[PDB]
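Scroll down for the structure; my scribbles are underneath it.
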Amino acid sequence: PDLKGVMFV
Amino acid sequence: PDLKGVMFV
Amino acid sequence: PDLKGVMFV
Amino acid sequence: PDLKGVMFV
Amino acid sequence: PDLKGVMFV
Amino acid sequence: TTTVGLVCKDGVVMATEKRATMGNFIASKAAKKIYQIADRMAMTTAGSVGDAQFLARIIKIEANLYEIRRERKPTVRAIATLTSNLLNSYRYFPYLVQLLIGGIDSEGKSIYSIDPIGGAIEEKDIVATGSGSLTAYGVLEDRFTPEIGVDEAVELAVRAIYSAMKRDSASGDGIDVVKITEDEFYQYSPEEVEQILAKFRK
Amino acid sequence: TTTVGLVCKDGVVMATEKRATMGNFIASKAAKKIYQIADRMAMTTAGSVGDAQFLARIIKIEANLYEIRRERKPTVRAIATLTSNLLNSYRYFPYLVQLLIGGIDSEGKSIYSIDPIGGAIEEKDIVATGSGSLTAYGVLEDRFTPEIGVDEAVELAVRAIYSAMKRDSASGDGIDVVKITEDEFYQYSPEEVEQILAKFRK
Amino acid sequence: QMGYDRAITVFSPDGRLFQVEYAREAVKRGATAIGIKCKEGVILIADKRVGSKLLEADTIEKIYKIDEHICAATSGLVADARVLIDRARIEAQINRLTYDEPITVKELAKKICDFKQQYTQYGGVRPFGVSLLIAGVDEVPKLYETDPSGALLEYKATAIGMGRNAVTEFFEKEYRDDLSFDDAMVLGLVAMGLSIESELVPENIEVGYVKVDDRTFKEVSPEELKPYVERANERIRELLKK
Amino acid sequence: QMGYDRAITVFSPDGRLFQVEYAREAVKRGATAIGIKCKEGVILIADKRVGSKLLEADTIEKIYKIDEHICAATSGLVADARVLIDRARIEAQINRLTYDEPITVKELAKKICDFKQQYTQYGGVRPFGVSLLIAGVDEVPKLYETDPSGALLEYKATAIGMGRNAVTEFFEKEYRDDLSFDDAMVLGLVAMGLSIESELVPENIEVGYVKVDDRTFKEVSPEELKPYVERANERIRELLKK
Amino acid sequence: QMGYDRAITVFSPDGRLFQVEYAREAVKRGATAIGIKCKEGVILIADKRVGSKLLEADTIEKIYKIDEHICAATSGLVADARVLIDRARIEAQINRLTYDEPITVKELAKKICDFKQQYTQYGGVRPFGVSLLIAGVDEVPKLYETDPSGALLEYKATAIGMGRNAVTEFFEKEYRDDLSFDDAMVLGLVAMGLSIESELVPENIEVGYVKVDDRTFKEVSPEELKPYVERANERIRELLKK
Amino acid sequence: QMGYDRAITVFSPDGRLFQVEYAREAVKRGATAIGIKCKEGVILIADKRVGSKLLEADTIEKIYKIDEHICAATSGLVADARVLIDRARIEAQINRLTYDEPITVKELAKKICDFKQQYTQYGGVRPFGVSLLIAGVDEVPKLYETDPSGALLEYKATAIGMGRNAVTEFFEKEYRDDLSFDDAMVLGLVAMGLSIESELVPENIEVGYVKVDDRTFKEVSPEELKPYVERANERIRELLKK
Amino acid sequence: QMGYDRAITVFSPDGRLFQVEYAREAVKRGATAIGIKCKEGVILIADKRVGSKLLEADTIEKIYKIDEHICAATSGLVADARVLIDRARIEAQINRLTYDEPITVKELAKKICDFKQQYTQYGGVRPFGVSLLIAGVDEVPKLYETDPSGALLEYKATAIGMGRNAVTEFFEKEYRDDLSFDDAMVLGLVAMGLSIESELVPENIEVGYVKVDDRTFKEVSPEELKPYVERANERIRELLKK
Amino acid sequence: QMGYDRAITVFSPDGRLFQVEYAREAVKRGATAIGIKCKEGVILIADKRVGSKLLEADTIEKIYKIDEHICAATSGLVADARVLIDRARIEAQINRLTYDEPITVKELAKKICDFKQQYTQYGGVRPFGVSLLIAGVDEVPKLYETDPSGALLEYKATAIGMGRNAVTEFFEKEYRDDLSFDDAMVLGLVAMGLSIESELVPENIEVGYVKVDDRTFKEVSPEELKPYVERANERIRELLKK
């Protein structure tokens with residue numbers, strides 16, 4: 001489901 | 001009923 | 001399918 | 001014990 | 001545990 | 001004070017005369033009239049010395065921030081219109097200075113004049129500015145070529161101010177000139193320029 | 001009202017007038033124009049005593065603060081520049097007064113002339129401010145040699161400021177000299193300065 | 001995770017703002033919008049498609065020019081775009097006032113993002129409901145995705161909205177950076193068709209682009225959208241039934 | 001249960017503001033307002049049956065003048081309606097002040113959309129409950145709808161309030177684009193009778209219009225209403241026979 | 001549950017402001033006031049029978065001179081009336097400042113509605129749970145009621161406060177548009193008489209009016225009120241033999 | 001459970017804000033003051049019994065000078081009273097500054113009622129939890145009780161605090177508007193006896209009055225009060241025999 | 001636990017600000033940004049594998065330039081990184097403005113700790129849940145980690161983010177202060193291999209360094225990077241047999 | 001207890017602030033700092049102990065300089081220490097500005113403790129949760145514990161941090177004014193070894209001191225600790241045998 005890599009660099 | 005101070009008068 | 005509101009398009 | 005009593009004058 | 005802070009040094 | 005600025009095809013030569021704030025006299029043998037805005041940007045000024053130095057530093061700081069911020073070196077046009085916005089804000093404070101921003105960039109070489117009244121013009125290749133300007137401009141236009149080189153430009157810049165120095169009692173002795181050759185950021189210094197004006201009568 | 005300075009290889013020498021120049025009055029019977037900004041840093045002031053002493057306290061306080069933060073000595077350069085910022089605020093409402101901040105720091109020694117119209121000129125080794133500055137400039141070149149020490153630098157400092165006191169006699173008595181050898185911050189006091197000008201009489 | 005999501009000041013025990021995660025689900029609650037990058041320019045498409053026929057699809061937009069060399073597409077509320085783009089348009093132009101230089105696509109992206117970051121920092125201000133794809137050509141072509149968190153991420157082909165997911169799976173197979181403007185336009189068309197699960201029409205897509213060889217925004221006319229849409233619909237048909 | 005309608009600053013896990021969506025269902029509690037766009041004008045019809053025989057003839061009255069070629073009807077809280085209408089006017093008159101340009105209809109809808117979004121973003125304030133139909137001829141007819149969210153949608157016939165859904169279907173069959181002025185006016189009455197689910201009379205509605213040919217706003221009088229009423233009721237009777 | 005109701009910044013799932021909805025009902029708790037419009041002017045009748053006999057038979061007042069030729073009644077919290085009319089009054093004289101004109105009845109009531117709108121939109125302030133009726137003659141009599149909502153409704157005869165429900169029923173049968181000034185004034189006392197469900201005494205109601213000949217607030221003293229109340233007590237007897 | 005008195009910004013569903021009706025209860029637990037207004041002037045009598053004899057006979061105070069012709073007394077918190085009495089004196093004098101008129105008892109009352117309503121409306125501040133009696137002679141002796149809510153009530157003779165209800169009933173019988181200065185002072189003194197559920201002690205009550213024929217504020221001297229008190233103690237005694 | 005981690009203006013019984021320590025879990029998840037110091041400078045290495053190969057993977061990038069000898073790499077929310085790094089960029093140049101010297105590393109770090117701590121200290125705003133490492137040679141190598149708390153820790157080598165557990169534990173065993181510049185570069189590149197648990201590619205990695213003798217921040221081009229990768233890769237595989 | 005710790009302006013029924021007690025637990029969490037005053041001066045010693053050797057030997061920084069004769073060292077939140085001490089330094093600098101004199105230790109402690117109390121008042125702003133032992137020599141030696149509570153207290157000898165409880169118990173026995181300057185600091189090293197419960201070297205302690213004789217602050221180098229560390233170690237070993 002992702003969106004947990006995506007707010008971070 | 002209750003309560004007369006002190007500060008409530 | 002109603003509705004998600006029309007304020008997303 | 002008291003630790004707040006010595007923090008009231 | 002492994003976390004202790006960092007700000008309590 | 002009077003200044004000139006020449007756009008060459010190998011460099012730019014911008015020029016300034018020595019005088020400071022010491023009762024209206026040179027601080028040491030030198031007076032700060034050269035301000036390195038960026039690695040390939042210099043600032044020359046006709047008008048007051050103090051204003052030039054304080055205002056230099058704002059443009060310098062911000063120029064340096066532009067490079068840091070975008071991971072792209074500034075261009076001469078960028079600094080120039082950047083300058084106009086700062087003036088027009090800070091015109092409540094006391095100031096009078098005519099500003100020459102110039103240097104080398106990816107679009108070629110150029111010198112842009114900024115006035116304290118308003119905008120940034122692009123002065124193509126020819127600029128004067130000051131009070132000694134009328135004289136400096138006369139010998140400038142006959143001995144200007146667009147095909148000019150940096151050797152020829154140091155000679156013209158010294159000569160043009162020198163013509164004006166004999167119609168100005170407000171022009172002290174000593175000229176500094178500044179070279180950006182795109183591989184060197186050279187400052188000829190009191191000593192070296194003095195000989196270029198000691199091809200005349202000095 | 002006038003001041004003088006010379007950068008030394010083993011300190012920083014500057015001198016002031018004890019008594020203000022108006023040609024019939026003085027500020028007070030005992031006044032001070034040499035203010036200590038920090039440990040190895042002084043300030044010699046020209047113009048009003050009022051403007052200069054106020055400015056010295058701010059700049060002394062923030063200076064101290066910077067040395068506390070860094071846990072390392074601050075540079076004179078930074079001090080000089082802070083004064084440029086501060087004098088731009090106090091240009092909105094003008095004060096007219098000329099400052100010199102000099103001393104010893106980690107980057108060397110110099111004397112910085114900081115103006116109420118902005119900027120800072122790092123003065124190479126010769127410097128004066130005030131309006132008796134042109135004569136003062138002359139005297140200062142006479143004995144300057146790169147191997148001049150501090151003890152010979154005070155002698156020269158007296159002679160420079162004696163130029164003004166030569167023909168405007170009233171402020172010829174009481175004069176101060178400050179030297180800074182990197183083991184002291186010594187302020188000679190009138191008496192000891194007075195005996196060297198005893199040889200120049202007037 | 002429960003109750004670490006009713007305020008923007010409140011990180012979870014896990015660590016990740018779940019308030020921001022829902023504002024990034026608000027992106028996926030708009031329709032698909034795709035940008036595909038060539039070494040010729042950058043093409044920006046958006047599903048202009050509208051439900052009842054009573055609305056006029058052409059005037060409904062999705063997709064605005066920002067600068068005169070930067071275009072952007074939105075996914076998220078039509079409402080939240082308006083503030084964000086009006087800010088962006090003003091900001092994009094303010095640069096052209098104070099440096100006399102068309103704003104760098106990157107710079108614009110940072111600055112829109114800095115604006116968003118301010119709207120997801122203070123405990124008083126809701127996060128942005130939208131994401132923009134910021135696509136222009138400044139010195140070289142770039143195509144960015146701004147995040148409602150206020151982060152920017154460089155992309156070479158990207159989507160936002162419901163179809164983000166399909167597009168990802170697609171362009172992982174078929175995207176190539178040896179595409180030219182025309183090949184890219186077709187590929188960009190193919191991808192939209194997978195997202196919407198149907199064949200496209202020129203009457204229900206908006207395509208804007210910024211070319212290297214003019215650095216000027218243009219909106220493809222209905223007339224010239226037609227050829228590209230034919231070859232792509234044929235591919236889209238092949239994929240969605242062999 | 002849930003609690004992301006407790007604040008306008010708080011996103012649901014459903015990617016949406018449920019609070020904006022109940023500011024939508026504040027519009028739907030209020031009484032209907034209808035717009036019909038023709039190529040010859042835009043015609044706005046709104047209810048005035050509300051109240052007994054104890055409220056005025058001349059009581060609200062929905063279709064407030066915003067400019068001399070812009071009228072706007074409302075649905076939702078009449079209270080919230082007035083301030084949006086006032087701001088709507090103000091903006092319109094700002095355009096005429098600063099340009100000397102009678103406000104563009106597209107751009108009016110845009111500036112109201114930004115205003116209704118100031119009340120969405122900040123949480124020290126509450127979003128509007130109201131949808132306006134901004135309608136006028138700037139030089140072509142346009143009818144737009146600005147939503148409680150502050151979202152722009154272009155229509156060529158719509159309604160807002162309780163009557164919407166009946167009317168959406170009705171125009172989806174009958175409404176045509178080849179529509180002219182006389183026709184449009186009868187069609188929109190037909191549709192308004194469906195909304196109230198009963199026969200029309202002219203005094204339980206007020207109707208505004210902005211013609212192309214005049215390019216002025218003119219208000220419909222009861223007398224001008226009559227010939228449209230007579231023709232309209234033929235179909236109102238046929239379709240309300242159940 | 002129920003609501004979504006402790007906040008004024010929230011629209012309930014039904015899509016109501018529960019907070020405001022609550023404040024129209026705070027009006028009812030507070031005293032009766034009766035407004036009635038005729039062709040010869042407008043009478044505003046306000047209950048001055050409140051509290052023990054120990055109280056003065058003057059309870060300020062509740063029938064304020066707002067302007068020269070405009071007056072208003074209040075129902076709801078007395079306290080809320082005091083600040084609300086202070087702004088009204090100032091605005092009526094503000095109107096004269098900037099136009100030097102009779103403030104139109106219609107327009108005062110709108111800007112009154114606007115004060116209560118401020119308290120509807122911002123989150124730090126409760127609405128006022130107060131209703132004013134605004135009765136005056138611009139050059140024709142008009143009677144309005146303002147609602148805590150900020151809704152503005154033109155009436156021809158109405159009640160507010162305790163007697164709202166009762167008096168609506170009363171005016172369906174009784175009210176006529178060709179009532180005499182004196183008959184109308186009286187009709188208004190009968191309606192008050194219904195509120196208390198008893199015979200009226202004239203020493204505990206205050207009545208003012210604006211005619212269209214006087215074009216001034218004027219006030220009918222207790223000595224004068226006496227016959228009007230006497231003709232009322234006959235009709236009130238008829239009601240209570242039924 | 002409730003949440004209609006968690007903050008002031010919520011109305012109860014009954015329609016009434018409970019939290020200011022609970023600031024009314026603040027008064028009730030506090031201690032009595034009676035104002036008795038006649039056509040010879042107005043009288044104000046208020047508690048100074050409070051606490052033990054560790055405290056001085058002058059337990060300052062309940063009898064505030066507001067001007068030279070206006071006095072006020074309180075019941076509720078004597079904390080909340082103190083600031084309100086500051087506001088009351090400054091306001092009164094401001095009227096004197098900007099008009100040169102000794103403020104009318106009515107106009108002062110109206111301003112202190114408006115100032116409370118500031119606190120009632122805003123939620124960044126709690127209600128005043130104090131009631132005030134303002135008694136004066138402007139040119140007609142007038143007496144008001146100012147409520148916590150910012151509300152205005154005129155009385156012939158009044159009470160607040162502990163004895164409130166018993167005093168109301170004692171004056172329900174005996175009080176008439178026609179009773180001399182001497183009678184009104186003693187009558188309110190018997191009533192006060194009842195309020196403290198014991199015989200007066202002339203050092204437990206502090207009494208001022210504003211006379212018509214002086215038009216001046218004066219404080220009744222301890223021993224000048226003593227014979228008035230003496231005749232009141234006989235009656236107070238009779239009623240506690242029953 | 002709870003409710004000590006749903007406000008920022010709370011503490012807990014242990015002393016901890018859990019909201020702040022869950023903003024440190026926001027740093028803790030995603031992704032390795034590493035500092036490793038030497039006697040020849042300070043070397044900053046950070047990952048630049050991001051997303052799938054659809055993202056341009058040869059930019060974005062954690063190695064932000066902040067002066068011209070001061071650089072930081074970031075870890076945690078990138079959105080929070082953008083404003084913090086900007087703030088940092090500006091605070092370097094504020095020092096040039098007011099002191100006209102290169103900022104000291106200690107001071108820039110000291111300043112940017114005080115900024116985070118300000119966003120912690122006031123509630124109604126959150127702390128940035130980002131961490132920076134501040135790398136510079138003023139005249140002496142310093143490497144700092146500035147904390148979401150707003151605290152300052154100096155190191156001779158550390159790492160933040162996803163990779164912190166691996167690289168801290170790695171350096172516990174490996175690190176020494178007698179490393180040269182080249183040996184150091186390799187040792188941090190060995191540190192980064194383990195963190196993603198795979199062999200590194202020069203392309204998908206980034207190194208910035210501040211050397212003593214140059215006194216320049218330099219951003220290392222991939223071409224130069226590659227010789228040091230060659231050295232590192234054998235080491236990395238050998239230790240991923242454990 | 002429960003809900004009396006979820007915000008800072010809420011008192012508990014005990015009449016404690018549980019929030020403020022919780023900031024003292026933050027001080028007890030932190031690294032120890034001990035201050036000992038003698039007749040000639042005041043020696044302030046703070047734990048310089050690292051996490052690992054990875055950290056820099058002198059972790060920036062326990063022992064701050066505030067003036068030239070007033071120094072302080074910190075325990076508790078070191079994040080917070082940065083802001084709180086920045087204020088402190090400025091307040092003493094301001095007293096050199098506005099009075100050109102030393103700031104008295106008392107007054108410097110007062111002004112700082114006043115700054116804490118300000119942030120305890122503030123409800124949108126948490127208090128500092130760090131304790132400093134502000135130490136200096138004026139007319140006499142002075143030593144203060146400044147609390148996170150905003151209280152100053154003067155001590156003959158004091159401690160704070162983790163070692164707090166242990167060093168109050170220890171010093172009850174051992175501390176007296178019958179100690180020289182050197183013998184005071186030796187006891188303080190002896191105290192510090194107790195806090196940590198292990199032997200000392202220079203690498204886990206930091207000493208500054210304030211001398212009478214100079215009347216200036218000096219910060220002691222590791223070199224000149226060595227005799228004292230040896231001396232202290234004999235005593236510490238005995239404490240770790242008892």
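Chains: A, B, ... in order of the structure tokens. Residues: from 1 per chain. Ligands: from 1, in order shown.
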Practice item. Looking only at helix (DSSP H, G or I) from DSSP on the backbone, list the matching residues of range 55-236 of chain M as a VMD selection string. Key: chain M and resid 78 to 98 105 to 121 164 to 174 181 to 196 222 to 224 226 to 236
Dump as a compact mmCIF listing (two decimals), in the first residue's frame, selection limited to C-alpha atoms:
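Resulting contents of result16.txt:
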```txt
# COMPACT_ATOMS: atom_id res chain seq x y z
CA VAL M 78 19.85 20.36 26.71
CA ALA M 79 17.76 21.28 23.79
CA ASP M 80 15.94 23.78 25.85
CA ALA M 81 19.24 24.85 27.49
CA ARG M 82 20.33 26.46 24.20
CA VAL M 83 17.40 29.01 24.14
CA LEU M 84 17.14 29.54 27.88
CA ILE M 85 20.94 30.30 28.17
CA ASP M 86 20.92 32.51 25.04
CA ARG M 87 18.31 34.66 27.00
CA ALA M 88 20.47 34.54 30.03
CA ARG M 89 23.56 35.76 28.36
CA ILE M 90 21.64 38.62 26.83
CA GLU M 91 20.01 39.65 30.15
CA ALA M 92 23.40 40.02 31.77
CA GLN M 93 24.79 41.78 28.70
CA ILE M 94 21.70 44.14 28.86
CA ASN M 95 22.62 44.98 32.55
CA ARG M 96 26.18 45.88 31.30
CA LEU M 97 24.34 48.06 28.77
CA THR M 98 21.86 49.82 31.05
CA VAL M 105 23.80 36.76 40.58
CA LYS M 106 20.54 37.12 42.34
CA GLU M 107 19.20 39.49 39.86
CA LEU M 108 20.43 37.40 36.92
CA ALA M 109 18.79 34.32 38.47
CA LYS M 110 15.60 36.38 39.11
CA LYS M 111 15.31 37.64 35.52
CA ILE M 112 15.82 34.16 34.10
CA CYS M 113 13.39 32.56 36.53
CA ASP M 114 10.92 35.35 35.55
CA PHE M 115 11.37 34.27 31.84
CA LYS M 116 10.34 30.68 32.76
CA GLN M 117 7.27 31.81 34.76
CA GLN M 118 6.20 33.78 31.67
CA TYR M 119 6.05 30.56 29.69
CA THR M 120 4.19 28.76 32.54
CA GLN M 121 1.49 31.56 32.31
CA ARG M 164 20.49 15.11 42.26
CA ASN M 165 19.01 12.87 45.05
CA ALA M 166 22.31 11.16 45.73
CA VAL M 167 24.30 14.41 46.13
CA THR M 168 21.77 16.10 48.42
CA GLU M 169 22.11 12.91 50.71
CA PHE M 170 25.81 12.78 50.41
CA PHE M 171 26.48 16.41 51.15
CA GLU M 172 24.18 16.37 54.22
CA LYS M 173 26.97 14.36 55.69
CA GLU M 174 30.03 15.72 54.02
CA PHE M 181 38.72 26.44 47.54
CA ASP M 182 40.60 23.39 46.49
CA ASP M 183 39.05 21.12 49.15
CA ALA M 184 35.58 22.26 48.00
CA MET M 185 36.18 21.31 44.42
CA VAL M 186 37.83 18.03 45.51
CA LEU M 187 34.57 17.24 47.47
CA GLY M 188 32.66 18.10 44.28
CA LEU M 189 34.64 15.67 42.32
CA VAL M 190 34.02 13.31 45.18
CA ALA M 191 30.23 14.07 44.84
CA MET M 192 30.39 13.61 41.02
CA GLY M 193 31.94 10.15 41.40
CA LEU M 194 28.93 9.25 43.54
CA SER M 195 26.43 10.51 40.98
CA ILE M 196 27.91 8.26 38.34
CA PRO M 222 41.76 18.92 31.39
CA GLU M 223 45.51 19.28 32.13
CA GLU M 224 44.97 21.14 35.36
CA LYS M 226 44.83 15.88 36.84
CA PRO M 227 46.07 16.31 40.54
CA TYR M 228 42.52 16.91 41.75
CA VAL M 229 41.14 13.88 39.88
CA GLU M 230 43.79 11.68 41.55
CA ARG M 231 42.90 13.03 45.01
CA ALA M 232 39.19 12.61 44.39
CA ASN M 233 39.61 9.05 43.20
CA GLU M 234 40.85 7.82 46.64
CA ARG M 235 37.63 9.09 48.25
CA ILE M 236 35.41 7.83 45.45
```
Exercise for review: Pull out every residue of chain M sitting within 9 Å of chain D, counting only C-alpha atoms, and send them as a VMD selection string.
Suggested key: chain M and resid 16 21 24 147 149 to 153
Could you write out that same residue set with C-alpha atoms as a PDB file, in the first residue's frame?
```
ATOM      1  CA  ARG M  16      -0.291  21.540  42.232  1.00  0.00           C
ATOM      2  CA  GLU M  21       6.176  18.794  38.417  1.00  0.00           C
ATOM      3  CA  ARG M  24      11.300  18.665  37.126  1.00  0.00           C
ATOM      4  CA  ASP M 147      14.425  25.497  38.587  1.00  0.00           C
ATOM      5  CA  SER M 149       9.439  25.738  37.901  1.00  0.00           C
ATOM      6  CA  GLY M 150      10.664  29.309  37.614  1.00  0.00           C
ATOM      7  CA  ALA M 151      11.905  29.351  41.281  1.00  0.00           C
ATOM      8  CA  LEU M 152      15.255  30.446  42.529  1.00  0.00           C
ATOM      9  CA  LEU M 153      16.709  29.002  45.687  1.00  0.00           C
TER      10      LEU M 153
END
```
List as CSV every residue of chain H that is in contact with chain I, defined as an atom at most 8 Å from one of its atoms (using only C-alpha atoms), together with the nearest atom pair and the distance in Å rounded to one decimal, sorted by chain and then rising number.
```
residue,atom,partner,partner_atom,distance
H:5,CA,I:10,CA,7.7
H:6,CA,I:10,CA,5.7
H:7,CA,I:10,CA,6.7
H:8,CA,I:10,CA,7.9
H:19,CA,I:11,CA,6.6
H:22,CA,I:15,CA,5.0
H:23,CA,I:15,CA,6.3
H:24,CA,I:15,CA,7.5
H:25,CA,I:15,CA,4.6
H:26,CA,I:15,CA,4.4
H:27,CA,I:15,CA,7.9
H:28,CA,I:15,CA,7.8
H:29,CA,I:15,CA,6.5
H:52,CA,I:172,CA,7.6
H:53,CA,I:172,CA,7.0
H:54,CA,I:156,CA,5.5
H:55,CA,I:155,CA,4.1
H:56,CA,I:155,CA,5.7
H:57,CA,I:154,CA,7.8
H:59,CA,I:154,CA,6.3
H:60,CA,I:153,CA,6.1
H:77,CA,I:151,CA,7.4
H:78,CA,I:151,CA,5.2
H:79,CA,I:151,CA,4.1
H:80,CA,I:117,CA,7.2
H:82,CA,I:114,CA,6.5
H:83,CA,I:114,CA,6.1
H:124,CA,I:123,CA,6.1
H:125,CA,I:122,CA,5.3
H:126,CA,I:9,CA,4.6
H:127,CA,I:9,CA,7.7
```
Only C-alpha atoms, please: the residues just picked out, written as a PDB file, in the first residue's frame.
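In the end it all went to out_22.pdb:
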```pdb
ATOM      1  CA  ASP H   5      -4.419  12.350  13.068  1.00  0.00           C
ATOM      2  CA  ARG H   6      -6.934  14.903  14.334  1.00  0.00           C
ATOM      3  CA  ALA H   7      -4.214  17.536  14.558  1.00  0.00           C
ATOM      4  CA  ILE H   8      -1.414  18.409  12.155  1.00  0.00           C
ATOM      5  CA  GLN H  19      -2.581  13.807   8.957  1.00  0.00           C
ATOM      6  CA  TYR H  22      -4.624  11.616   4.445  1.00  0.00           C
ATOM      7  CA  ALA H  23      -3.880  14.825   2.602  1.00  0.00           C
ATOM      8  CA  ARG H  24      -1.806  12.662   0.253  1.00  0.00           C
ATOM      9  CA  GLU H  25      -4.908  10.348  -0.022  1.00  0.00           C
ATOM     10  CA  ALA H  26      -6.767  13.581  -1.053  1.00  0.00           C
ATOM     11  CA  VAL H  27      -4.553  13.621  -4.119  1.00  0.00           C
ATOM     12  CA  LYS H  28      -5.732  10.142  -4.977  1.00  0.00           C
ATOM     13  CA  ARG H  29      -9.387  11.345  -4.515  1.00  0.00           C
ATOM     14  CA  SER H  52     -22.976  14.535 -16.577  1.00  0.00           C
ATOM     15  CA  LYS H  53     -22.996  15.935 -20.167  1.00  0.00           C
ATOM     16  CA  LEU H  54     -24.643  19.189 -18.837  1.00  0.00           C
ATOM     17  CA  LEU H  55     -21.125  20.411 -17.770  1.00  0.00           C
ATOM     18  CA  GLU H  56     -18.830  21.651 -20.504  1.00  0.00           C
ATOM     19  CA  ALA H  57     -15.717  19.587 -20.309  1.00  0.00           C
ATOM     20  CA  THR H  59     -13.933  24.880 -19.806  1.00  0.00           C
ATOM     21  CA  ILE H  60     -13.260  22.512 -16.839  1.00  0.00           C
ATOM     22  CA  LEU H  77      -9.763  19.416  -4.971  1.00  0.00           C
ATOM     23  CA  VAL H  78     -10.581  21.897  -7.864  1.00  0.00           C
ATOM     24  CA  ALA H  79     -10.958  24.243  -4.894  1.00  0.00           C
ATOM     25  CA  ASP H  80      -7.487  23.760  -3.253  1.00  0.00           C
ATOM     26  CA  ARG H  82      -7.163  27.564  -7.081  1.00  0.00           C
ATOM     27  CA  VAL H  83      -5.232  28.990  -4.081  1.00  0.00           C
ATOM     28  CA  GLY H 124      -3.990  26.471  12.795  1.00  0.00           C
ATOM     29  CA  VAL H 125      -3.744  25.735   9.121  1.00  0.00           C
ATOM     30  CA  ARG H 126      -4.899  22.779   7.178  1.00  0.00           C
ATOM     31  CA  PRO H 127      -2.606  20.996   4.719  1.00  0.00           C
TER      32      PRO H 127
END
```
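Atom pair CA of residue 45 in chain I / CA of residue 103 in chain I: separated by 22.2 Å.
The space separating CA of residue 239 in chain K from CA of residue 210 in chain K comes to 29.8 Å.
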**Study point:** Atomic separation - CA of residue 61 in chain I relative to CA of residue 38 in chain I, Å
**Key:** 22.6 Å
Exercise for review: Would you list the contacts of range 23-37 of chain G as a list in words, taking every protein, DNA or RNA residue within 7 Å and counting only C-alpha atoms, but skipping same-chain residues closer than 6 positions in sequence?
Suggested key: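 My list of contacting residues is residues 16, 17, 43, 44, 45, 49, 56, 59, 60 and 170 of chain G.
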Review point. What does the C-alpha RMSD come to when chain I is least-squares superposed onto chain J, all C-alpha atoms paired in sequence order?
Key: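 When all C-alpha atoms are superposed, the deviation is 0.9 Å.
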